[PDB]
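Undergrad: Encoded as structure tokens, here's the structure I'll be asking about.
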Amino acid sequence: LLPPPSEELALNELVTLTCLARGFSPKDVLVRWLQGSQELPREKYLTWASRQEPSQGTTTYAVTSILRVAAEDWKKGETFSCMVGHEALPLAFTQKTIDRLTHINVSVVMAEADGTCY
Amino acid sequence: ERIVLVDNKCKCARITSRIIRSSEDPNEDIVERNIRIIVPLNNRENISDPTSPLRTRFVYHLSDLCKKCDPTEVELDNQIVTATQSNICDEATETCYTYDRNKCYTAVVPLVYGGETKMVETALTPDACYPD
Amino acid sequence: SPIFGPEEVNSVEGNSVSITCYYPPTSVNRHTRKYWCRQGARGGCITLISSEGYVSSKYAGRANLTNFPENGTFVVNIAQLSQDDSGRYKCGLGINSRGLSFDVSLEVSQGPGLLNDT
Ligand SMILES: *[C@@H]1O[C@H](CO)[C@@H](O[C@@H]2O[C@H](CO)[C@@H](O[C@@H]3O[C@H](CO)[C@@H](O)[C@H](O)[C@@H]3O)[C@H](O)[C@H]2NC(C)=O)[C@H](O)[C@H]1NC(C)=O
Ligand SMILES: *[C@@H]1O[C@H](CO)[C@@H](O[C@@H]2O[C@H](CO)[C@@H](O)[C@H](O)[C@H]2NC(C)=O)[C@H](O)[C@H]1NC(C)=O
Ligand SMILES: *[C@@H]1O[C@H](CO)[C@@H](O)[C@H](O)[C@H]1NC(C)=O
């Protein structure tokens, strides 16, 4: 599950969240979306069908889906998710890793050293 | 810390640089740049005595520190021509933040000698002002 | 950095020594303050004898310092050497916390006593 592009978060109108499921052996897989912990009606997002992924040796399949949601809700920090359901999984469970949130380092040094310059 | 680009003594700023041929990814390497500022905590704004209080704001423009305007000599064909080296040196006039060890700084003070007054001259940096 | 002298100096107890340091002969450098200081550990670089008239308590009666402006040199004499005077020292000009110095190393060895059958 991928973070939005930066340039769509500069006009501050709408943002896009893309859920990619890749590399599974049977060609039948569901994708459901949910806001926080409540789901959405399926007329609010777009999901594709599955295709034969190009691969060396053995065959896989992939599927994609997206969602356009309001920019200020993502700027607030509401959580979105993705539920990929499958028959060859333990319980067909989810993944919810997107929110709105550089590396700084602050040090204090005594440095009564041997002999140095600045 | 290998090659000196700027050694300025009106503002007391020094810039060096070095190509650090780093260990990992041995066909690419970084360019490091070191800058050193020494800030005096007891100097005035103009260098005279009663000017204004002690300076509390210090501004450094690296486009001015790296400037080069003294004419140079260039051998083009079989000739010596003189050229400039910068686009911006339309003019001292710069303000200095520190002193310099190799220059005098004096002042003038009027004192009384019974009758009239004089124009007594006073050394502000006593090491550099001997007549020699 | 323009300052130069003898890098290593050896003697034995009871003997004297004479150290010479060199500087550029510009008129600031002739009238400024000259110093001999012992760069110990724990931060400081305490002065032992200076050009303005300072002589320390440990160097009383033993040392002096003479400035020759036309050579651009200045000499330090130290008499009645001991084994506690082994360490790292510095010539210099001006203020100690700047770097117009030069490092000197001095080692004093124990002399002969009660083995003189050769
Ligand atoms: C920083 O301070 C210095 C020192 O005060 C300023 O320079 C001095 O400015 C005064 C007034 O402009 C000059 O006095 C003039 O003297 C002549 C005689 O030589 C007389 O004809 C004028 O009527 C006036 O009395 C003085 O010469 C001048 N220079 C010195 C003392 O070397 C300077 O202007 C100040 N700079 C800034 C940016 O504030
Ligand atoms: C420049 O250094 C020389 C050392 O080579 C000085 O010469 C000695 O000066 C002392 C005076 O303190 C005399 O007692 C010595 O006889 C001189 N010669 C030697 C070989 O030591 C010289 O004095 C210095 N220059 C000036 C102008 O004093
Ligand atoms: C003082 O300096 C003179 C140089 O004129 C020197 O001969 C003498 O040995 C010095 N005194 C000492 C080291 O006590």
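Letters A, B, ... go to the chains of the structure tokens in the order shown; residues in each chain start at 1; ligands are counted from 1 in the same order.
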Identify, counting only C-alpha atoms and all ligand atoms, the protein, DNA and RNA residues located within 6 Å of ligand 3, and give them as an mmCIF file with N, CA and C atoms, in the first residue's frame.

TA:
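Once written, pocket.cif looks like this:
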data_model
loop_
_atom_site.group_PDB
_atom_site.id
_atom_site.type_symbol
_atom_site.label_atom_id
_atom_site.label_comp_id
_atom_site.auth_asym_id
_atom_site.auth_seq_id
_atom_site.Cartn_x
_atom_site.Cartn_y
_atom_site.Cartn_z
ATOM 1 N N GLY C 61 65.146 32.212 38.975
ATOM 2 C CA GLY C 61 66.574 32.024 39.031
ATOM 3 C C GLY C 61 67.155 31.127 37.963
ATOM 4 N N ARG C 62 66.328 30.380 37.235
ATOM 5 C CA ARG C 62 66.812 29.408 36.269
ATOM 6 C C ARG C 62 66.778 29.891 34.828
ATOM 7 N N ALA C 63 65.853 30.770 34.453
ATOM 8 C CA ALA C 63 65.573 31.000 33.044
ATOM 9 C C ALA C 63 65.550 32.478 32.702
ATOM 10 N N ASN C 64 65.645 32.752 31.403
ATOM 11 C CA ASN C 64 65.311 34.050 30.834
ATOM 12 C C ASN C 64 64.929 33.844 29.370
ATOM 13 N N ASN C 77 66.729 30.131 27.540
ATOM 14 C CA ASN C 77 67.732 29.394 28.296
ATOM 15 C C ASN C 77 67.102 28.847 29.563
ATOM 16 N N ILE C 78 67.378 27.586 29.884
ATOM 17 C CA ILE C 78 66.878 26.947 31.100
ATOM 18 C C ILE C 78 68.032 26.203 31.758
ATOM 19 N N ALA C 79 68.391 26.608 32.972
ATOM 20 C CA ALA C 79 69.479 25.992 33.718
ATOM 21 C C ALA C 79 68.953 25.054 34.797
#

Undergrad: Determine which residues of chain C sit within 10 Å of chain B, taking into account only C-alpha atoms, and present them as an MDAnalysis selection string.

TA: chainID C and resid 26:33 94

Undergrad: Report, in Å with one decimal, the straight-line distance from atom CA of residue B:24 to atom CA of residue A:107.

TA: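 Distance reported for this atom pair: 26.4 Å.
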
Undergrad: Could you list the residues in chain A lying within 10 Å of chain C, using only C-alpha atoms, and format the result as a PyMOL selection string?

TA: chain A and resi 112-115+117

Undergrad: Around ligand 1, at most 7 Å away and counting only C-alpha atoms and all ligand atoms, which residues are there? Put them as an mmCIF file with N, CA, C and O atoms, in the first residue's frame, please.

TA:
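Result written to result.cif:
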data_model
loop_
_atom_site.group_PDB
_atom_site.id
_atom_site.type_symbol
_atom_site.label_atom_id
_atom_site.label_comp_id
_atom_site.auth_asym_id
_atom_site.auth_seq_id
_atom_site.Cartn_x
_atom_site.Cartn_y
_atom_site.Cartn_z
ATOM 1 N N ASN B 46 30.265 50.261 14.020
ATOM 2 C CA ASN B 46 31.394 50.928 13.406
ATOM 3 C C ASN B 46 32.574 50.747 14.335
ATOM 4 O O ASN B 46 32.413 50.647 15.549
ATOM 5 N N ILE B 47 33.771 50.689 13.770
ATOM 6 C CA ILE B 47 34.973 50.635 14.599
ATOM 7 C C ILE B 47 35.391 52.085 14.825
ATOM 8 O O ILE B 47 36.268 52.653 14.163
ATOM 9 N N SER B 48 34.684 52.713 15.759
ATOM 10 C CA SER B 48 35.128 53.834 16.561
ATOM 11 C C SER B 48 34.593 53.558 17.956
ATOM 12 O O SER B 48 33.976 52.523 18.202
ATOM 13 N N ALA B 107 42.327 56.679 16.423
ATOM 14 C CA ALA B 107 41.216 57.573 16.725
ATOM 15 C C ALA B 107 41.780 58.954 17.037
ATOM 16 O O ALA B 107 42.995 59.147 17.104
ATOM 17 N N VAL B 108 40.886 59.926 17.209
ATOM 18 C CA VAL B 108 41.252 61.305 17.518
ATOM 19 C C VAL B 108 40.406 61.769 18.696
ATOM 20 O O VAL B 108 39.179 61.651 18.666
#

Undergrad: When the cut-off is 7 Å and you count only C-alpha atoms and all ligand atoms, which residues lie near ligand 2, shown as a list in words?

TA: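 My answer, listing the contacting residues, is residues 68, 70 and 71 of chain C.
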